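One chain follows as C-alpha cells, the form deposited in one PDB entry.
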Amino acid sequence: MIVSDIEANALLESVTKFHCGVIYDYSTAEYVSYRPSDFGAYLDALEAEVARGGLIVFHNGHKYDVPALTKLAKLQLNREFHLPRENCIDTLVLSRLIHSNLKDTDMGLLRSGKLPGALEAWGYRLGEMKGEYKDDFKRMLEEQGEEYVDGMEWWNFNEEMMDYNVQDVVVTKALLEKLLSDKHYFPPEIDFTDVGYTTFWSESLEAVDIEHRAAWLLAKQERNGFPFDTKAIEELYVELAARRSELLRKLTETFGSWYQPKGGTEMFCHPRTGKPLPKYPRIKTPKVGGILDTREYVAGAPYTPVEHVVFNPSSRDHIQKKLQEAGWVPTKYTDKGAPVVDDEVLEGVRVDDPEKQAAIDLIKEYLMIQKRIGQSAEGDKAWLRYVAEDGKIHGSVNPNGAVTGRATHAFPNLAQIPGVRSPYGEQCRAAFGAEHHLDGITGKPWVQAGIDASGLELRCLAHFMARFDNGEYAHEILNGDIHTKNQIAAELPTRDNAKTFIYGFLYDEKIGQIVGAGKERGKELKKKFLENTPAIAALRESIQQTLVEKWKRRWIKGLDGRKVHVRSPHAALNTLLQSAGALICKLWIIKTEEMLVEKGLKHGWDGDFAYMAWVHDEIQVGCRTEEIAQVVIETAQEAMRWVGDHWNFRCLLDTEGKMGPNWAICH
C-alpha cells in the first residue's frame, strides 16, 4: 500500500502541468519526492504498486489526482496512464462514509465558517492546504516587495509547493489510519495497510466498496457533464428580463416611492427633557452654517437625513409595507418580529383597492420570474455562468453528502432544476439534453435515456413492514401504480400532490396545506391512511425501542451495513427509508454501468453512453443511438432487479424508462 498526492498547475478541466508528487510506501516506510522532471518515474512507481496487486491512497484522488494523471501523462509524456478503479483508495470518500454525520468544505470550495457542526481535523487541514499555501506565497512575495497576481502560486513549481505536497501525504496517512481504526468498517484482526486490493474490498464492510465505486462513477459523470442549450437559455433570459421590466413598470406605478431615514449619526433627544428617544430616526446636527450664507445648513439646527426608495418587488419588507398600508393585517409572523410574506400568504391577502389587490398577482409573478432569472442567468451559480467550452455544464456531486447516504449536488445544483409542471420548467428542462451534444465523429445529436425507480420509498416501507404484515403491503403495491391509487383515494389533484402527500404523511396542518385543506382534512386523511396500514405503527414502535430508552444507540444500520446517524427520534422512520432508498439507488447506478460495460458498451462521449445526471432515484443517460438508449433502459431495469435480489428485499423493485432528446421529455 502506498499513499500519494500530486501538485499541479490548475483544476482538472485545464491542468496542463505536473509540478510534483510524493509517495509514502508502507513496505519501506519512506517518503519519496518527485519533482517536475521526475514525472515519468512518479507514474512508474504508481504502476509498480498496481503490478503488485497493491493499493494507492489519495485524498480526493477519484475526482482529481487519478483523472489528472491520465490527462497529464498524455499531454506531457504522450503516455497512456489509467489507474484501475480497484487499486485506488480515497480518504475523502472514506471520511464522508465514516463521518457521514459531519459536513466538510468539499476541498476548500466551501467556507468552513458557514458550515454547521464540527469538522474532522485531518480532512479540514487537507481541504485548507491550497488556501494556506496561497497565503504563504503572498506574504513571501510582499516580503520581497513583489506584487501578487491571483493564482500565480500555481504557475510554477517551487520547494514551498514541494513541502506542502509532503505534508499532504503525512496528513493523509494519518487520516487513513484513523479511518482504518474504525472497527465497524474494518475488522480489527486485519492490518489493512498490509494487504492486496482484492483482500481490502472483500474483508472490509460492503459500504466501503460501494462508496468507492460510486465516487469513481460519479467522478466520470462530472467529467462527462450535461449537454446544455446555451442559446435557448439566453433567449429565455431575454424574455424573462423583458417581462420582469414590464412587471416592475406596472408595480412602481401602483406602489409609488417613499423616503426613509438614513445616515443619521446622533440620537434624537427631547428638546426640553433631554430624554433620549431611541425609537425616533437618528438625526444629524450641523456644526457649520448660518443665515448671505448660501449653504443650506445651520449649526445647531438638527435634521433627519433620509433616502429615496423605489418599490422593489423582490423586497419582502417593501411588499409588507405597501400591503398593510392597503389594509392588510398579517396573521402569521416570523419568530423574529416580522410578518411572514411567502407565496402562500400572498395568495390569501385581501384588500379593498382592486388595483392593489390585482398587483398582488403581479408581485407573485415577479418573484417567480426572478427565481428563474436568478437560477438560469444572474445568480452566482447560474447555468449561463457554468456552461463550459465543451457546451456542457459539469455540476459537482458529493456522492455521500447527505447523512442518509443520499448524494448532494452543487455548482450548480442539477438536482433542483425547475420541473416541467412548474412555470418555464419545460424550457429549463429542455435546455438540459443529450440532443445538445453532437457526436464527435458524425456530428449527429445523441439521444437521452431517463430511468426512475418506481415508488421507491413506498416499496422500502413495504419491505420493512413485511415482518409485521407478512408482505401484505408489498403485495398490494405491485397492483397498479400506488401513487395513482393514492391520488384517487386522497381525492388529490395531481399524482405529484399524491406523492408529496404520502411522503409527508408516512414521515395535520402540513398535511392539509399540501392537500389544499385545513387541519381537519389533514387529520381525517392521516387516520384513513394510517388505519388502512396499521403495521406502520409496529415498524415505528420497533424503531423507537431500538434507538431510544437519552439514546440506546443513535444510529441505524443501513442496507450495506454502515451506520446511519439518526438526528431525532421523530425522523427515525424517514432516516431508515430514505437511507434504504439512497443505498438502493447507489448500488443500482453502479450495477447499471457495470452491466453496460460487460455488454461491450463504452462509457464516454467518445464511446456509446455517458451518465449526465443522477438525481436521487433517477438517472439521465446520453446515448449515441436509439438502440443504445433502449439497451440502457432495459439494462437499468435488470440492475434494479439485481439490487433487490442482492439485499433480499421483501418488495419487488422496478424502474420506468423514457427515451427522448432532453430532460423535458425524459422525466
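C-alpha atoms forming the largest set that superposes within 1.5 Å between two forms make up the rigid core. Numbering starts at 1 and runs along the sequence shown.
K.L.:
Look at the stretch from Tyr303 to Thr304 and count the residues of the deposited sequence that the entry does not model, then pick none, 1 to 3, 4 to 9, or 10 or more.
P.N.:
According to the record, the chain runs unbroken from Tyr303 to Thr304.
K.L.:
Between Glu549 and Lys550, how many residues of the deposited sequence have no coordinates in this entry: none, 1 to 3, 4 to 9, or 10 or more?
P.N.:
Per the record, 10 or more deposited residues are absent between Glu549 and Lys550.
K.L.:
Going by the B-factors listed in the PDB entry, is the mean over the C-alpha atoms higher for 564 to 572 or for 586 to 594?
P.N.:
Higher of the two, by average CA B-factor, is 564 to 572.
K.L.:
Given the B-factors recorded for C-alpha atoms, which segment has the greater mean, 404 to 412 or 528 to 536?
P.N.:
Taking the mean C-alpha B-factor of 528 to 536 and of 404 to 412, the larger value falls to 528 to 536.
K.L.:
Which of these has the highest Cα B-factor in the record: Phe268, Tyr366, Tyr386, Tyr237?
P.N.:
Top of the list by C-alpha B-factor: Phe268.
K.L.:
Out of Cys88, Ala434, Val170, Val349, which residue has the highest Cα temperature factor in the PDB record?
P.N.:
Answer, based on the entry's C-alpha B-factors: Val349.
K.L.:
Compare the C-alpha B factor of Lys183 with those of the other modelled residues in its chain, then answer lowest, middle or highest third.
P.N.:
CA B-factor rank for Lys183: middle third.
K.L.:
Classify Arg223 as lowest, middle or highest third according to the C-alpha B-factor given in the PDB entry, relative to its own chain.
P.N.:
Its C-alpha B-factor belongs to the lowest third of this chain's values.
K.L.:
According to the PDB entry, is the CA B factor of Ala359 in the bottom, middle or top third of its chain, that is, lowest, middle or highest?
P.N.:
Middle third - that is where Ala359 ends up once the chain's C-alpha B-factors are sorted.
K.L.:
Using only modelled residues of the chain, where does the Cα B factor of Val149 rank: lowest third, middle third or highest third?
P.N.:
It belongs to the highest third of the chain when residues are ordered by C-alpha B-factor.
K.L.:
By the recorded C-alpha temperature factor, relative to the other modelled residues in its chain, which third is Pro281 in?
P.N.:
Highest third - that is where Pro281 ends up once the chain's C-alpha B-factors are sorted.
Not on display, but discussed next: the form deposited in another entry.
K.L.:
Kindly specify the one residue in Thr273, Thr442, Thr484, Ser257 whose Cα moves by 2 Å or more between the shown form and the other one, with superposition done on the rigid core.
P.N.:
The displaced C-alpha is that of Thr484.
K.L.:
Given a core-based superposition, decide whether the C-alpha of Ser314 shifts by 2 Å or more between the shown form and the other one.
P.N.:
No; that C-alpha moves by less than 2 Å between the shown form and the other one.
K.L.:
Determine whether the C-alpha of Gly108 shifts by 2 Å or more between the shown form and the other one once the rigid core is superposed.
P.N.:
No, because once the rigid core is superposed, the C-alpha of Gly108 moves less than 2 Å between the shown form and the other one.
K.L.:
Core-aligned, does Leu530 move its Cα 2 Å or more between the shown form and the other one?
P.N.:
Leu530: C-alpha displaced by 2 Å or more between the shown form and the other one.
K.L.:
With a C-alpha distance change of 3 Å or more, do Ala489 and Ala466 lie closer or farther in the other form?
P.N.:
Between the C-alphas of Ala466 and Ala489, the gap narrows in the other form (3 Å or more compared with this form).
K.L.:
Between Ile488 and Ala466, does the Cα distance in the other form come out closer or farther than in this form, changing by 3 Å or more?
P.N.:
Closer in the other form, by 3 Å or more.
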